[PDB]
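**Q** just dropping in an experimental structure and the matching sequence.
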Amino acid sequence: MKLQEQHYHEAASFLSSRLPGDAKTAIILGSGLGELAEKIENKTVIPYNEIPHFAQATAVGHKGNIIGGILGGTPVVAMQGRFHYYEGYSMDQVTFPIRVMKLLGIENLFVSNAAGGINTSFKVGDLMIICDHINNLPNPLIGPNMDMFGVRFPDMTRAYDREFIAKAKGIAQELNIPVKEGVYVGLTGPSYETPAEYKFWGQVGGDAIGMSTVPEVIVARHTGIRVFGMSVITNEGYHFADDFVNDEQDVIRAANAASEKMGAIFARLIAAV
Amino acid sequence: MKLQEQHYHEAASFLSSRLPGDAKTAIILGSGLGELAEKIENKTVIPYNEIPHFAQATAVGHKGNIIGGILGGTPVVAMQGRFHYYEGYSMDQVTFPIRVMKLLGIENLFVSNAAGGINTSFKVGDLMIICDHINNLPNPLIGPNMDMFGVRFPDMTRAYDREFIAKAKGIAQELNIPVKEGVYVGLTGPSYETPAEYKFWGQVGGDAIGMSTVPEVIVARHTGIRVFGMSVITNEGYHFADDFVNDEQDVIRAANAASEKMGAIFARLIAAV
Amino acid sequence: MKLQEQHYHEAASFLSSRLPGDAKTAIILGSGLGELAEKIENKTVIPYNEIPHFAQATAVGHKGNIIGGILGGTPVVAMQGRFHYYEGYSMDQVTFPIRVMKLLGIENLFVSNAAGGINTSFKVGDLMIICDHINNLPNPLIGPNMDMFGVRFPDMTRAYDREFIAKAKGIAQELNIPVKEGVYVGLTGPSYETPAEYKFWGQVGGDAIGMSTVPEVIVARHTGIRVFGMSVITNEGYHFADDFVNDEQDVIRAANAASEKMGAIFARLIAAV
Ligand SMILES: Nc1ncnc2[nH]cnc12
Ligand SMILES: Nc1ncnc2[nH]cnc12
Ligand SMILES: Nc1ncnc2[nH]cnc12
């Protein structure tokens, strides 16, 4: 009850005394995307293992650092690597960083991920602006409500900020970067989906599928952080070849290759919001 | 397992020592609806925190009392307020009162709740007779079966008693209270749905969405209790205005507003079952 | 992370001392299909209670024996009965034997089950080759990956081996046994589905529904085990009579009736792999 609040405060104290403290935007760097850290200038690198009550990062392609610094001439806090429910963690553990971000004075959260394309018009390499999601992981707010952070029953009507989507599209046009928009479906994993599951999710309004994001987005919105999301389509959950197989490394490679274009958007978006 | 039997009997023994005992019908008053307890004459009020093994009603707009008395000239046991999975309770705790009712001799259970309308003909203020449900919460029966209560694989072909539905429609017709009929979809919450979730659930057959009712209905049916169920449509999960937000007090005020019409149907229905 | 490896090794070592160790194919016999054990000759029966770390079979119609011997002229190992999530076992518990089978040198898993039909052409007593599934149970791979068995993110594009399906098809034709083909939807249970739920899964591409099998397959696929799946349709989740109920004993009856034909396919199939 009082112990939980105190844990947030302890993690936030620790970061505050190591970070500048002027950043209003945090960025979550997903599976193929951790090397966008290279674009952050004047880096203060804080390993998750050093931070009170942060989980200890086990997913492949997830380094596990808080990075303080400058992106698009703008103070930033990045999560290099993110936690996932498939790792064994509770939702409380997965989303812990988002509430620590609130305590640091973060107002905007940009979130990226590697996602499977289930809209048959999305192809490997495409960047998708997340316009909405479907949650199929346990809701992260289950349990007693942390009133310090928000209301018992938060609105999810526009989880993905309309102004941010508008500005990101404007920016993509400026930069000659094509973007898609659509609905991200959040599933636990960690196995990739069967064709039947892919077809199911596409049939009910899914455009892309992955294993993160939604929980942190629900927790962000619960505490009034404005959210922008961007998937990299790293594989196509349709048109299967007779001997096709999804692969951890092919997803990471495909995200790696789209990192520079997504990074460019994030760099100008951070200065725009 | 006899430990759990011990628990049920202790709660039943306690309640039976305070209640008249002649009630054959129990009612559950949901978010709208604690006001219906004013319509019960000769009340005997039993705080949940006095009853052995009863969980505590932490949900806002849920008082947490058993209330025996007379409704429409008929003996009743009411649950003024209820338990929800989003609270952090186990399904066992959420549904414990249902099994206690059984041991008290309750044969019928009228469930009411607040619900979002997902079919576009369902408007704020509408009363919707639940004629079926789709479960998206953990099933309350996972675990060793409690043989004292029911079979291992209970049937759920007509969970919402047809006879009670037919009577209610008649009673509605007599009282000139227009009623809708449709499928209730139960999610965990506690965050309201996204438009993509609302749309998904409407696509597959849902008419209204709530965070309750399904677990209790399953357990009631597991133990042969006949179920009538009605939602108040408190908000419309479709045709979203650009700045629309879902809200807890908005739902409660909508439920309150509709209370009386629901109350009138329940009082005549209890008298005719 | 290190303790669990040992548990798998203790179980396999216990089984390896009692079995002759040349079986390459294992078979799971589900509800009402335990009788198929009669086909197996030179049986060595090893009750689950004896094997280190095996859970207890608690589902009616599930004896809980590992049986070694000869079926179809071929060494086999059979799980006579299986575990289910609805029993309250963790997915680690439910799927533990599959990993134990891998350590025994099992290369091929033949999974059977009883299932409700949601395809309207699928009638009581029909045999349905599973060509894909939709998982609606907790993913059994959640938590730290066991690297000694498989990769963090294993592929489920062809969970049900295509050559095994072709062979089953040809065999069924030879034996003059009508077969069906379709997508099995895995649900937790234990309560049977509502008409609304049967309709949902039907709409989204499910052909049959049950409470098993999907965890074992994910777990088998994770460790490279080639899988063949067959359902017996033991009920029709459609066109419900006014007074129809599902019934555990009815389901067991139907599977019984269909044992002989499933076993005749299994016996030919095991010798053809
Ligand atoms: N197809 C897919 N489904 C779920 N998560 C993923 N992460 C990368 N590709 C994915
Ligand atoms: N739209 C909605 N979703 C879930 N629970 C509710 N309770 C009232 N309205 C609701
Ligand atoms: N209709 C049904 N639903 C779930 N599991 C089953 N097993 C056999 N019939 C079933």
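**A** Thanks, I have the structure now. Numbering: from 1, shown residues only, chains lettered A, B, ... in the order given. Ligands and ions are numbered 1, 2, ... in the order given.
**Q** which single residue of the stretch 101-250 of chain A ends up nearest chain B?
**A** Closest approach of the stretch 101-250 of chain A to chain B (CB to the nearest CB) occurs at residue A:143, with a separation of 3.7 Å. C-betas here are computed from N, CA, C, even on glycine.
**Q** that residue contacts residue B:87, correct?
**A** Yes. Using CB atoms under 8 Å, residue A:143 makes contact with residue B:87 at a distance of 7.4 Å.
**Q** who's more crowded, the two?
**A** Neighbour count, other CB atoms under 10 Å in any protein chain shown: between residue A:143 and residue B:87, residue B:87 has more, with 23 against 16.
**Q** surely that one is in contact with residue B:60?
**A** No. Using CB under 8 Å, residue B:87 is not in contact with residue B:60; the gap is 10.9 Å.
**Q** returning to what we had before: and the residue of the stretch 101-250 of chain A closest to chain B, what is it in contact with?
**A** A:92, B:87-88 (CB atoms under 8 Å, 6 or more residues apart in numbering or on different chains).
**Q** just the residues you listed: which are in helices?
**A** Within those, residues falling in helices by DSSP state H are residue A:92.
**Q** closest to residue B:247 out of the contacts of residue A:143?
**A** Proximity of the contacts of residue A:143 to residue B:247 (CB to CB) peaks at residue B:87, which lies at 19.0 Å.
**Q** how many residues are close by residue A:264?
**A** A count of nearby residues for residue A:264, using other CB under 10 Å, gives 19.
**Q** double-check that it belongs to a strand.
**A** No. Counting by DSSP: H, G, I helix; E, B strand; the rest coil, one finds residue A:264 to be helix, located in no strand.
**Q** contacting residues around it?
**A** Contacts of residue A:264 by CB under 8 Å, 6+ apart are A:175, A:177.
**Q** distance of it from chain C?
**A** 28 Å (CB to the nearest CB, to the nearest Å).
**Q** repeat for residue A:76
**A** The gap separating residue A:76 from chain C is 29 Å, by CB to the nearest CB.
**Q** so the closest residue to residue A:122 other than its chain neighbours is in which element?
**A** Leaving aside its chain neighbours, residue A:122 sits nearest to residue A:233 (4.9 Å; criterion: CB to CB, 6 or more residues apart in numbering or on different chains). Here residue A:233, judged by DSSP states H and E, is contained in strand A:226-236.
**Q** any part of that strand near ligand 1?
**A** Yes. Among the residues of strand A:226-236, A:234-235 lie within reach of ligand 1 under CB under 6 Å from any ligand atom.
**Q** that strand pairs with which strands?
**A** strand A:108-117 (parallel), strand A:127-135 (antiparallel) (DSSP bridges).
**Q** can you redo those strands as a markdown table with distance to residue A:187 and mean neighbour count?
**A** Shown next, in a markdown table, are the strands paired with strand A:226-236 (distance: least, CB to CB, whole Å; neighbours: other CB atoms under 10 Å in any protein chain shown):
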| stretch | distance to residue A:187 | mean neighbour count |
| --- | --- | --- |
| strand A:108-117 | 10 | 27 |
| strand A:127-135 | 9 | 23 |
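**Q** so which bits of stretch A:69-81 are buried?
**A** By 16 or more other CB atoms under 10 Å in any protein chain shown, the buried positions in stretch A:69-81 come out as A:69-72, A:74-81.
**Q** what's the spacing between it and its chain's center?
**A** 14 Å (CA atoms, centre = their mean, to the nearest Å).
**Q** which residues touch it?
**A** Applying CB under 8 Å, 6+ apart, the external contacts of stretch A:69-81 come out as A:19-20, A:22-29, A:34, A:36-37, A:39-44, A:48, A:57, A:59, A:61-68, A:97, A:101, A:104, A:106, A:266-271.
**Q** any of those residues buried? List them.
**A** Among those, those classed as buried by 16+ other CB under 10 Å are A:19, A:23-29, A:34, A:36-37, A:39-40, A:43, A:48, A:57, A:59, A:61-68, A:97, A:101, A:104, A:106, A:266-270.
**Q** out of those residues, name the ones that lie in helices.
**A** Among the buried ones among the contacts of stretch A:69-81, the members falling in helices (DSSP H) are A:97, A:101, A:104, A:266-270.
**Q** and the furthest pair within these?
**A** By the measure CB to CB, A:97 and A:268 form the most distant pair in those, at 24.6 Å.
**Q** from ligand 2, how far out is the residue positioned nearest the centre of chain A?
**A** Among the residues of chain A, the one closest to the centroid is residue A:111, at 3.2 Å (CA atoms, centre = their mean). The gap separating residue A:111 from ligand 2 is 24 Å, by CB to the nearest ligand atom, to the nearest Å.
**Q** show me what contacts that residue?
**A** A:27-28, A:30, A:130, A:213, A:216-217, A:227-230.
**Q** that one: what's its closest spatial neighbour, skipping adjacent residues?
**A** Leaving out its chain neighbours, the residue that sits closest to residue A:111 by CB to CB, 6+ apart is residue A:28, at 4.4 Å.
**Q** list the contacts of that neighbour.
**A** Taking CB under 8 Å, 6+ apart, we find residue A:28 in contact with A:78-79, A:82, A:109-113, A:216.
**Q** what bridges to it?
**A** residue A:79, residue A:111.
**Q** against residue B:14, how distant is it?
**A** As judged by CB to CB, to the nearest Å, residue A:28 and residue B:14 stand 50 Å apart.
**Q** how much space separates the residue of chain A most remote from its centre from ligand 3?
**A** Going by CA atoms, centre = their mean, the residue of chain A most distant from its centre is residue A:242, 32.5 Å out. Distance of residue A:242 to ligand 3, computed by CB to the nearest ligand atom: 32 Å.
**Q** closest to ligand 1 out of the contacts of residue A:28?
**A** The nearest member of those to ligand 1, counting by CB to the nearest ligand atom, is residue A:113 at 7.4 Å.
**Q** where do the strands sit along chain A?
**A** For chain A, the strands defined by DSSP state E occupy A:25-29, A:41-47, A:65-71, A:74-80, A:108-117, A:127-135, A:180-186, A:208-210, A:226-236.
**Q** any idea how far the third one is from the chain center?
**A** Strand A:65-71 has its C-alpha centroid displaced from the chain centroid by 15 Å (CA atoms, centre = their mean).
**Q** next up, the contacts around the residue of the stretch 151-273 of chain A found nearest ligand 3.
**A** Closest approach between the stretch 151-273 of chain A and ligand 3, counting by CB to the nearest ligand atom: residue A:196, at 16.9 Å. Residues near residue A:196 by CB under 8 Å, 6+ apart: C:132-134, C:183, C:205-206.
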